[PDB]
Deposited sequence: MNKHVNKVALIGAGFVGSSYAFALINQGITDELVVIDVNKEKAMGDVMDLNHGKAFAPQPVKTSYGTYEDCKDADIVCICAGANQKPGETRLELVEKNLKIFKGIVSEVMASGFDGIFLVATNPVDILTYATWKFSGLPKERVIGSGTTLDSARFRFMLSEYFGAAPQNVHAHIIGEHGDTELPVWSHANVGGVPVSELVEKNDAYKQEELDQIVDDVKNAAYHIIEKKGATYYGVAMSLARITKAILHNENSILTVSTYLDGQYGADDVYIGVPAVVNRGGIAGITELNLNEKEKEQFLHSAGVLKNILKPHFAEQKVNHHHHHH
């Protein structure tokens, strides 16, 4: 009867994701599902022990796929490691579908873009109901670094990373800005004394994953938060512009591929999609980026 979210696989991401939910109050319900029943169950005990202090307390309980019949979102947090996740994914989607599930999919495990489309196959529901991290975290990583660079609130910083999530991302420097003044127009005062520091900031973003991963072993708080953000926009029908994994079909010259761009999100899922008036470099970059992703698909299917 109320906002329910089934979350598949309680790893570091699924956990952090789950704890963000606890603290922000986005859903009323959460059920944690894992093969590692041990690691899930214990999660549902620790989390529930903060309930009496949660400003927006969630009913957190564990279960198995029989409980996702009514679930309104399933979040998925479960080299050639690809097919492994695929055996895992198809090994895991088939279970939820039989349950009675008729909601909207949400996925976060790398390689997200691949695994999103991979998820679109096994499922068989309108392409407006499968989603993935896309470049939100990278947009948010880009915002953060641009807020620290320009010294204005991140939310007052507007700049997308777009494309797939990996070795081929790109900045939309064109319509990037701070409070409605374009990034370009900001540097215009000092010829390259910004410019290249901002191009370095591009690399800090592209690299930040590896960096964090080198420092504390993995990455999880960030995606947890972006996860939570996408969720909110969905449950509470926001019509919010996020850079999720959206199925294009003509947009940015590409078709037959889940990619990260500015997609509107609401109760349904992907609602509209913004085609951005890009440019050669970025268009080419996106086009090329749209490239590698098309490849990796065919055979593994």
{"query": "Chain regions without C-alpha coordinates, deposited sequence numbering", "finding": "1-3, 82-91, 315-326"}
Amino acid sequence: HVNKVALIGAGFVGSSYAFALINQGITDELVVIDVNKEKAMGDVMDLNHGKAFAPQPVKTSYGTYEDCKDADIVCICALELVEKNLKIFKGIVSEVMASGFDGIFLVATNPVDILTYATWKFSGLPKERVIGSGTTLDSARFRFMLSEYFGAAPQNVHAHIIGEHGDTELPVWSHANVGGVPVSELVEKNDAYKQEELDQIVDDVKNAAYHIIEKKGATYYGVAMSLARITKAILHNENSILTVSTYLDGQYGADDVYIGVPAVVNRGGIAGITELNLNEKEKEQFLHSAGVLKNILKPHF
From here on, numbers count along this sequence of modelled residues.
{"property": "Higher-scoring stretch by recorded Cα B factor average, 1-9 or 290-298", "result": "290-298"}
{"property": "Comparing 245-253 with 49-57, the one whose average Cα B-factor in the PDB entry is higher", "result": "245-253"}
{"property": "Given 177, 231, 119, 135, the residue at which the Cα B factor reaches its maximum", "result": "119"}
{"property": "Of the residues 115, 223, 157, 75, the one carrying the largest Cα B-factor as recorded", "result": "115"}
{"property": "For residue 36, the third of its chain into which the C-alpha B factor falls", "result": "middle"}
{"property": "Entry-reported Cα temperature factor of residue 103, expressed as the chain third it lands in", "result": "middle"}
{"property": "B-factor third for the C-alpha atom of residue 189 within its chain", "result": "highest"}
{"property": "CA B-factor placement of residue 26, once the chain's modelled residues are sorted into thirds", "result": "lowest"}
{"property": "Entry-reported Cα temperature factor of residue 89, expressed as the chain third it lands in", "result": "highest"}
